[PDB]
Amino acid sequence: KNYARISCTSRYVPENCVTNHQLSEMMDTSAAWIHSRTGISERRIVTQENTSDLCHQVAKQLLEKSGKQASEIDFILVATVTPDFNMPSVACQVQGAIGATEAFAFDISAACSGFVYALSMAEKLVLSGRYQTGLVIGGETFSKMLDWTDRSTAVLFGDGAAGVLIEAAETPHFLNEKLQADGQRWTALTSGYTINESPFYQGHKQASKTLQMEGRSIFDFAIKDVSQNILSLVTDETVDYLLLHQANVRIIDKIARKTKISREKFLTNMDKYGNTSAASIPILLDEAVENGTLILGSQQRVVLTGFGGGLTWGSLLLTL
């Protein structure tokens, strides 16, 4: 048994629900326009929780659902770009919160590709035969990284976390993968810059630290490069469902045409969550499993496709 397998899914978002109506007041825009530009109706925003707290509940819920003991966890991987501290890692805060004393843990930084990247990691870890049980969680609190006056980005993001319980299976589930990156375009999407202000620094680098994005640029990138990445693993005839990063539904609309894969196969759920970055795919996954669209153990050929800052992007082809 050295084949990684997603046994359980689970998600957790802040209770505070922020509708477009509240954002139209905060800012000076119309809820109607916020809705048509984003494809979002409402989103959750933390009021007292930080990334680790959201990830903590996900882990806690995964443990209760599966009936697993925190002591049976061998490793905890968290995909995030909005961690409480640089040190400790969010994965370590969760490891301590749930008491997974026998698990080692760390965070992975790959922007909105983070969950897919982390999932690829867990597969490698389990393949080695050294580890069998892990928790892979994607979580963010981007609401603390936004300029809530600029209505061309703030209205786009939601907070939340979701993950899965991974355990060693007898038969393969993770069939193929293709992880990629292009740092030659890293300026297209950035956040979290830290100014060096030691008495030794001589540069004049300044950066608000709030998210910055070249919409058209990354939109075009997704359509061209993600489409090619997806087509390197499947074709319409060999895939049942595709769970892409929930950045913008129109990206999905166009990718389905580009790749010639049936549009109803691409699941989406931005309406109530907005763009939850690394958490987008596992939140979508938990919902699709929860309502019976996706069925664990059914052998449905599913592709998970993330893409984001880096630039980063990658897909995983699995049989649920």
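Sequential numbering from 1, following the sequence displayed.
| Between 147-155 and 103-111, which has the larger average Cα B-factor in the PDB entry? | Higher mean C-alpha B-factor: 147-155.
| query | So which stretch wins on mean C-alpha B-factor, 192-200 or 135-143? | reply | Result: 192-200.
| Whose CA atom has the top B-factor in the entry, of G163, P88, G160, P172? | Among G163, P88, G160, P172, the highest C-alpha B-factor in the entry belongs to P172.
| request: Determine which member of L211, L125, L243, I76 has the highest CA B-factor, using the values in the deposited entry. | output: The C-alpha B-factor peaks, among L211, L125, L243, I76, at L211.
| request: Could you tell me which third, lowest, middle or highest, the C-alpha B-factor of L63 occupies within its chain? | output: Its C-alpha B-factor belongs to the highest third of this chain's values.
| task | Could you tell me which third, lowest, middle or highest, the C-alpha B-factor of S36 occupies within its chain? | result | Top third by C-alpha B-factor.
| task | Pull the Cα B-factor of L23 out of the PDB entry and bin it into the chain's lowest, middle or highest third. | result | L23: CA B-factor falls in the highest third of its chain.
| message | By the recorded C-alpha temperature factor, relative to the other modelled residues in its chain, which third is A181 in? | response | Lowest third - that is where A181 ends up once the chain's C-alpha B-factors are sorted.
| field | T235 - Cα temperature factor, lowest/middle/highest third of chain | value | According to the entry, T235 has a C-alpha B-factor in the chain's middle third.
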